[PDB]
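K.L.:
Sharing a structure here in structure tokens format.
As a convention, Cβ positions derive from the backbone with ideal geometry for all residues, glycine included, and neighbour counts pool all protein chains shown. Throughout, read-outs are computed from the coordinates displayed, never taken from laboratory work.
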Amino acid sequence: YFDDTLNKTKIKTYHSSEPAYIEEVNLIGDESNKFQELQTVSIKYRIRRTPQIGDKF
Amino acid sequence: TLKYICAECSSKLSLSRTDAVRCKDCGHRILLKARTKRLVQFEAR
Amino acid sequence: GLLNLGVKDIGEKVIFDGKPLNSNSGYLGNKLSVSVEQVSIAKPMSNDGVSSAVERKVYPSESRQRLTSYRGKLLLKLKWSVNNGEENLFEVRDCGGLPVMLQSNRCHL
Amino acid sequence: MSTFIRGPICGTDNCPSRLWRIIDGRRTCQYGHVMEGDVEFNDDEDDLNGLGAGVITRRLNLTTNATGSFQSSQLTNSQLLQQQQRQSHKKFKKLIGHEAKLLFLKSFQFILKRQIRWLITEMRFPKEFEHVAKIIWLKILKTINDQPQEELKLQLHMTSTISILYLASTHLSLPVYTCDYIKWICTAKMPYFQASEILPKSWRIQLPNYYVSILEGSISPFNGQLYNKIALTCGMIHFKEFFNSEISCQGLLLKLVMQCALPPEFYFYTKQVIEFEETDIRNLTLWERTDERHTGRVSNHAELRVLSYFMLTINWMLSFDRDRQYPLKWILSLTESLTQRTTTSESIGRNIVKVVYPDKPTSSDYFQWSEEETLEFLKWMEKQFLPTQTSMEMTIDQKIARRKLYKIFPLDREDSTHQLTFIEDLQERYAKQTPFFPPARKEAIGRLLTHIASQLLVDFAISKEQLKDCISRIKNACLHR
Amino acid sequence: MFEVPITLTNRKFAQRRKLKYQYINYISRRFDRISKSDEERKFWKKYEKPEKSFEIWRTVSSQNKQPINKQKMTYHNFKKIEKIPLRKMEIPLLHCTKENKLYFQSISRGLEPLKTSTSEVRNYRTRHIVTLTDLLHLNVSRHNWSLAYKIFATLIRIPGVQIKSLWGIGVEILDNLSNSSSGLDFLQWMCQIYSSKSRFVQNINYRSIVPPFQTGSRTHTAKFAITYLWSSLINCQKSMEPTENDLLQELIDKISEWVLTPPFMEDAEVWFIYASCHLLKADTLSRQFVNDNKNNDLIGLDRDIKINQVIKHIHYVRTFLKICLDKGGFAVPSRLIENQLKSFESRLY
Ligand SMILES: [Zn+2]
């Protein structure tokens, strides 16, 4: 995204110990009166969990 | 053409930084980001 | 329903403009009866761009995807009784969105 | 460029780069070495019962932990934001004055040109029609520049453009005015009535500074309105000196006789009275450049006088046809057959012009509107009113709503060639009179003359008396035998 | 001749209304005494509104109020009140156009204008439209379905339609149009296009949207929404009792989505036709369990679960008819509906 105040293109980084995959990204304009800027985004991450030593059964 | 699907009308569309975040065929305010033909490698395990 | 019996039991809340009228004063400067007659709950609706935006029935899936509450407009018929009945005023006031139970007699599903 | 350092640089090696190892908690040298700080703060544990009303809250005036050593910024004054928003809500028009006038000028420039090319397609009148029209306005422009400084009285008017095309056509002398006007209204041949076209999208917006918006047919011509500006344009133009044989046309006479009681003789009758005292045996030319702003009964609107001679001829001729060449019962038959009737395009057009609902001469036909006339009317509305237009914004919602509404009433369609052609109708009514071979006839003659008065007057600026004022005028002119 | 789709060329009419009111508050004032833009808003704050209907018709059968006022009008007494308001109208009369000078001097003499303001506007946009509006009204006055529909369909595509006739000729044209559409659809599209559940009225100079034939939701019953429900129950009746059904339920749940707000919040037809749709749902179920004891020889068919489903309803509908009476509803001739319902409950025996 880009903030005019900083004149810089910034990004929100993902911070985790393990990778995932983005399953769905949903754009939320709802409850808005105008909101033309598309300010809310929902990103769902898929983290696979393979059976592993220490996982409970 | 980037794509955005209406969560409630199924209508494909391609919003721009210059248009309202709304389903142009229904009027919904929720849009699913469409998947594209994008290469991804996978380890088969 | 239970909620309308509750509002019939809370009854009235009386207030006197401080008796004035200059027995005028002592014998109250007119009675101002107030109360709530009925209470209605409506199924979730959303009109956009305010008035002039055909309303749509709102389904839970939208409330979840939007990550927002699933509210029903709560209305209650207000009774503004003046001089114990010299003048009666009704107004149904909109009291914001009451969260509705799913599969209840007030949810679309 | 900007500089590095607005926080730290490695005073060891002269390497001004910085690394973040979030796993380390360490700020380090991106290129070289060492600890840029051992201390690392604020990533709390599992204990934030949140009693803290923490009223503080950042607001960018106490700076920030600077946790980005990456920087570039700039000097700021203090929250561009208002200047940012001023700049976002700047690009509009906010002009006015000479600059606004120039584009007002420009737009006027363009629509006329669009007008001219439909002109060519409709009439197929080669380079010629096109180039004469161009220099005509080149000449018109010449004058506008001179009284410039800050003079903003450019006349033009919805009328000026057709006056321009009119005068140019007369130079060439292709047609007529009433016919041209009716044809144009009927087929919207001109882009005249709506000014949204251009390709302004933008000229539209250039807050055409009061000017431009005033574009767009604004309204339909009254009494004078349109012959008056033609005179102004001529004075503007000094048109008569420049162009030959203006206002002329033996074709308007033909148009007129065929117009109705087309008499294989009244063309020559009226041509003869015109021959007579009608400007001493001479094709009357375009009136002059009525320089004066009062624009009085110039009346020498050549045509206006042609129609006057036309009318006069009819009753003179017909109310002293001593030989009785035109039978009593013959006159009413013509006025008879005349009664309304469809039109291979023409009469339908004249209905469309009648619908400017003016002085109520056609208002009632408004009412009557002979069945189908009603139908072919709605036909011409579903074809030529569509341009009509295209709320911008006001909800990509209502646009949608509007669309839905239209869908709902879907309107349209939930020997052939019925509307025969012009010379077909013309033929069939001169056949409808083809049985040719006191107080009452005088009455019939008056009856008939009122009708033509309706017709000729209706195509034009009328003056339910100037017309006759006009009539009166030459009446007077005549009796100097 | 008919009523035009558009905001009235706001040019001379707005300054004629200044001069009219300003005179009425001036002559107004000296009477009030003869008894001891903003002016126009003050005239309505002094006179008041009409309510959601048309003409403040209200009985005339309660309050005596002795109006003897007595000929109190001696030509001499009128010219005492009038001699000073007219000289104060002149001031503003000079700044007004020559046409509006005598327009004022006509209405101040008591002359009325035979010059319909909608008989002079000369705007391409406008004009035509008046052209149209009159065409479609002369075509429904001879039932010309195939041509009235074309003129109607063009009239709304031109930028000058406020529901207006757009709905009041848009419904019959669809009843007279034996072909495509049930004013219903169009009626339900209107309902959503004019809920305006906003409570308001009064305040500003309603001078392009006066008509209690568009507007409402927050008091002022809309009449196309009441017509939508009435046309919908008549659309349910035809060829019922003569899972693709639902309609008499669709109408029970569409009127329930309401439940007081603006509609029931307001009383009548709302409650009444709700009951009427409900009363029809009780008859159909007596027919579907009527003829010669239900269908015929008895029911054995597990007692009568169907009688209990119907008696519950009959008891309910009597609750809806009663609350519609209690809450001031003059609409219902209770005597006939109670006799019908008892003679019907009989059939159920
Ligand atoms: Zn949709």
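K.L.:
Using Cβ counts within 10 Å as a stand-in for footprinting exposure, how do D:207, C:74 rank, fewest first?
P.N.:
Exposure proxy ranking, most exposed first: D:207, C:74.
K.L.:
Which order do D:187, D:434 fall in if you start with the one that has the fewest other Cβ atoms within 10 Å?
P.N.:
Fewest-to-most ranking of D:187, D:434: D:434, D:187.
K.L.:
With +1 assigned to the C-beta of every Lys and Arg and -1 to the C-beta of every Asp and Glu, and no other charges, what is the dipole magnitude of chain A about the Cα centre in debye, to the nearest 20?
P.N.:
That gives chain A a dipole magnitude of about 300 debye.
K.L.:
Among all the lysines, which ones have a C-alpha under 20 Å from residue E:150's C-alpha, if same-chain residues fewer than 8 places away are not counted?
P.N.:
D:379, D:383, D:404, D:407, E:164
K.L.:
Please list, by residue number, every one of the trypsin sites (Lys or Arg not before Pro) in region E:290-349 that is coil in DSSP and has at most 14 other beta-carbon atoms within 10 Å.
P.N.:
E:303, E:327
K.L.:
Could you quote the convex hull projected area for chain D, Cα atoms only and averaged over all directions, in nm²?
P.N.:
Average of the hull's projected areas for chain D equals 42.4 nm².
K.L.:
Of the peptides E:41-49, D:365-373, E:271-279, how do they stack up when ordered by the mean number of other Cβ atoms within 10 Å, highest first?
P.N.:
Order by mean packing, descending: E:271-279, D:365-373, E:41-49.
K.L.:
Relative contact order, percent, of region D:151-288 when contacts are C-alpha pairs under 8 Å separated by at least 6 residues?
P.N.:
Numbers: 108 pairs, mean separation 42.7, N = 138.
Value for region D:151-288: 31 percent.
K.L.:
Which number comes out as Rg/Rh for region E:147-289 once both Rg and the Kirkwood Rh are worked out on C-alpha atoms?
P.N.:
1.01
K.L.:
Moving to a separate point now. Which of the residue pairs D:127/D:229; E:223/E:254; E:18/E:45; A:10/B:3; E:238/E:322; D:106/D:201 have a Cα-Cα distance greater than 19 Å in the structure shown?
P.N.:
Long pairs (Cα-Cα over 19 Å): D:127/D:229; A:10/B:3; E:238/E:322.
K.L.:
Cα-based Rg (one decimal) and Dmax (whole number) for region E:219-349, in Å?
P.N.:
My reading of the Cα-based Rg and Dmax gives 15.9, 52 Å.
K.L.:
Normalise the Cα radius of gyration of the protein assembly as shown by 2.2 N^0.38 Å (N = residues in it) and let me know the number.
P.N.:
My calculation over the Cα atoms of the protein assembly as shown gives 1.29.
K.L.:
Hey, could you get me the Stokes-Einstein D for region E:145-213, Kirkwood radius over alpha-carbon pairs, 25 °C and 0.890 mPa s, rounded to whole µm² s⁻¹? Can you show the working numbers first?
P.N.:
On the way: Rh = 13.6 Å.
Value of D from the Cα-based Kirkwood radius: 181 µm²/s.
K.L.:
What relative contact order, as a whole-number percentage, does region B:3-45 give when Cα pairs under 8 Å and 6 or more residues apart are counted?
P.N.:
This gives 38 percent for region B:3-45.
K.L.:
Before rounding to the nearest 500, sum -39500 (n - 2.57) across all DSSP H runs of length at least 4 in chain E and divide by the residue total; then give [θ] at 222 nm in deg cm²/dmol.
P.N.:
Working: 15 runs with 187 residues, N = 349.
My calculation for chain E gives -17000 deg cm²/dmol from helical runs alone.
K.L.:
Could you compute how fast region B:3-45 diffuses translationally, taking Rh as the Kirkwood radius over C-alpha pairs and applying Stokes-Einstein at 10 °C with viscosity 1.306 mPa s? Give it in µm² per second. Let's see the in-between values first.
P.N.:
Numbers: Rh = 11.7 Å.
This corresponds to a translational diffusion coefficient of 136 µm²/s.
K.L.:
Report the one residue of B:44, B:16, B:34 whose Cα lies farthest in the direction of the positive end of the charge dipole of chain B (charges on C-beta: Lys and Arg +1, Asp and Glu -1; origin at the Cα centre).
P.N.:
Result: B:44, furthest along the dipole toward the positive end.
K.L.:
Just the ratio, please: alpha-carbon radius of gyration of region E:19-148 over 2.2 N^0.38 Å, N its number of residues.
P.N.:
Here the Cα radius of gyration is 1.53 times the empirical estimate.
K.L.:
Cα-based Rg (one decimal) and Dmax (whole number) for chain C, in Å?
P.N.:
Cα-based Rg and Dmax for chain C come out at 19.7, 64 Å.
K.L.:
A follow-up question, please. For region D:168-267, what class follows from the C-alpha gyration tensor (a ≥ b ≥ c being the square roots of its eigenvalues): rounded when a/c is under 1.5, otherwise prolate if a/b is larger than b/c, else oblate?
P.N.:
Details: a/c = 2.77, a/b = 1.76, b/c = 1.57.
Note, shape of region D:168-267 comes out prolate.
K.L.:
With +1 assigned to the C-beta of every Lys and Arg and -1 to the C-beta of every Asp and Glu, and no other charges, what is the dipole magnitude of the protein assembly as shown about the Cα centre in debye, to the nearest 20? Present the calculation step by step, with values, prior to reporting the outcome.
P.N.:
On the way: 151 positive and 112 negative charges, 536 e Å.
Around 2580 debye, computed over the protein assembly as shown.
K.L.:
Now a separate question. Shape call for chain A from the C-alpha gyration tensor, a ≥ b ≥ c root eigenvalues: rounded (a/c under 1.5), prolate (a/b greater than b/c) or oblate?
P.N.:
Oblate, since a/c reaches 1.5 and b/c is not below a/b.
K.L.:
For region D:377-424, take N as its residue count and report Rg(C-alpha) divided by 2.2 N^0.38 Å. Working shown, then result.
P.N.:
On the way: Rg = 16.9 Å, N = 48, 2.2 N^0.38 = 9.6 Å.
Compared with the compact-globule rule of thumb, region D:377-424 sits at 1.76.
K.L.:
In debye to the nearest 20, how big a dipole does chain D give about its Cα centre with +1 on each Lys and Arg Cβ and -1 on each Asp and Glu Cβ?
P.N.:
Working: 61 positive and 54 negative charges, 202 e Å.
Rounded to the nearest 20 debye, it is 960 debye.
K.L.:
When only alpha-carbon atoms count, how far does chain E stretch along each of its three principal axes, as whole angstroms with the largest first?
P.N.:
Extents along the principal axes, in whole Å: 93, 54, 33.
K.L.:
Past 18 Å, Cα to Cα, is the threshold; run E:46/E:80; C:43/E:312; B:33/D:399; D:360/D:464 against it and keep the listed order.
P.N.:
Result: E:46/E:80; C:43/E:312; B:33/D:399 exceed 18 Å.
K.L.:
Work out how far the C-alpha atoms of region E:299-349 reach from end to end along every principal axis, then list the three figures in whole Å, largest first.
P.N.:
Extents along the principal axes: 45, 17, 9 Å.
K.L.:
Which GluC sites (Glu not before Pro) from region D:260-338 combine a DSSP loop assignment with at most 14 other Cβ atoms within 10 Å?
P.N.:
Sparse-neighbourhood loop GluC sites (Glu not before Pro): D:265, D:292.
K.L.:
Here is a further query. For a quick check of your reading of the filter: which chymotrypsin sites (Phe, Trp or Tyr not before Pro) in region D:287-332 sit in a DSSP loop and have no more than 16 other Cβ atoms within 10 Å?
P.N.:
D:320
K.L.:
Quick one: the Cα spread of region D:1-130 along its three principal axes, in angstroms, biggest first?
P.N.:
For region D:1-130, the Cα spread along each principal axis is 89, 45, 31 Å.
K.L.:
Given an 8 Å cut-off on Cα distances and at least 6 residues of separation, report the relative contact order of region D:159-221 as a percent.
P.N.:
29
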